[PDB]
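Coming up, as structure tokens: structure 1 and structure 2, two forms of one and the same protein chain.
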Structure 1
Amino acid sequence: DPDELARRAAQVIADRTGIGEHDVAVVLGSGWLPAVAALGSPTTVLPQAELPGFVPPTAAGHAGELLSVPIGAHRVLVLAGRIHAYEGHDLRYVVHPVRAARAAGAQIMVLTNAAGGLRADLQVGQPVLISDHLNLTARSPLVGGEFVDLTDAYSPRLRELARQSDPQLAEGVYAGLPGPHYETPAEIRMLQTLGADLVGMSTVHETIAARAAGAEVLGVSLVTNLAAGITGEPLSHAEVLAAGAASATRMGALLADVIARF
């Protein structure tokens, strides 16, 4: 039962953090993990693997940390590490962190991800607010007749507040793909035709699960590379894996300023 696992998780978070309510939660992608220190000083740090439902029975142990960070007036639940669909787990395990955070009081979910830019005007190292998504995974985290509206899934309100922090923040449509292979240049030309500005391998299921629970979502991509076929050179996975470190302080500063305005 996702609801039951989510409440058992929230209880242990409340115990281990001695805080009964975290009103904001941030999921950090690979691209945003470097920024963790620049968010603020945490009051508690525990292994995600010690939390009910975080470690998919499939196998392995989540390599990720949960952090409790005071930012402005807010008490922030920071999830440093996420599970991806491309690891082969049921989506229940992929969106569990979002549901656990909701059951722990989260009103707002900041979902960060790495992405390829598809739009001429995007640069490597640029943070881009997510205006909307294309779920191209042919899956949903919802089972049975759980009908949810995905109008304004990325709160226009939270994007206004983000732009009060930095009026030059660009907006884009994020295409969520299964991965883990990068796209062919032909797949990228297809995604351009379908209205995509950004391409990644996360987020869309977390957004659906967050909206189904009634939480507000802010989505932020880090453009870690231009998308396949755009440069005329191949994608370097080394340049991509290292992209977050080139932007850590700038990204951490941005998240901390924007969360303070919620």
Structure 2
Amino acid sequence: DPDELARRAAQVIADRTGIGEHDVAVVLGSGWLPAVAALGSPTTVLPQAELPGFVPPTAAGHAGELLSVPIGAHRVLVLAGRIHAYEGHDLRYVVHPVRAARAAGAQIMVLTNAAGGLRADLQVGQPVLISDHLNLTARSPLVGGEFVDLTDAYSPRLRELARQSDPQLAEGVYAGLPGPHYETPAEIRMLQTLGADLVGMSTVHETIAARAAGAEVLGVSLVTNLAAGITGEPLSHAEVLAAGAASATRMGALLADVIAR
């Protein structure tokens, strides 16, 4: 049962961290690990694999670690790594970390990801606030009887708080696709026609599950590339990884400052 597995996970988290309740959770995606160094000093770090119901992250740069971090009056559950629908897991396992974080007390989820830019004026390494999403997976993490409203799924209030730390932050609609193949240029033109600004392979189900469980969501993409058929700056793979790591390191400090309110 998803709710009971979430309650068991939250019990182990409380016991292993010695913290009764974490009021904020952060899921770090691909390219986001460098944010850890700037978020704060962890009081506990443990493998996700030792938590009930957690399929260990396997994607390159997903540590598969949970960090407990004090940030002002807040106790922040940091999930360094997530699992993806393209790994073949039932969506109940994909959204279990978010349900476990809610059961551990998290009222606000920061969901981070890597994304393709669908606009030629986005830059590799640019952080982009998620204004909304397009679920283009033909799936839901919810079952019969769970009829959840996704108006303001990405809290306007949280984007406003982020812009108090960096008022220049861009925003965009994130298209969640199944993957794991990348898009054809014709698919990228279609996504622009459907009103998407960003493309990736996570987040939409985690957002739906977070809203169904009564949590507010702040979504942040790191643009790792311009999407198929959009020509962008000639960068080496080292320049792409370096630009991403520098933004992820800066965004850790920004998230710490925003969470601290």
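Between two forms, the rigid core is the largest collection of C-alphas that superpose within 1.5 Å. All residue numbers here follow the sequence of structure 1, with the first residue given the number 1.
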Task: Residue from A60, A49, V45, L194 whose Cα, after superposing the rigid core, lies 2 Å or more away between structure 1 and structure 2 - done: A60
Open item on the list: Rigid core aligned, does the Cα position of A248 differ by 2 Å or more between structure 1 and structure 2?
Closed with: yes
Open item on the list: Tell me whether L235 is among the residues that move between structure 1 and structure 2 (Cα shift of 2 angstroms or more, core superposed).
Closed with: yes
TODO: Keeping the rigid core fixed, work out how far the Cα of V76 travels between structure 1 and structure 2, to one decimal in Å.
DONE: 0.1
Open item on the list: Fitting the two forms on their rigid core, what distance in Å separates the Cα positions of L33 between structure 1 and structure 2?
Closed with: 1.4
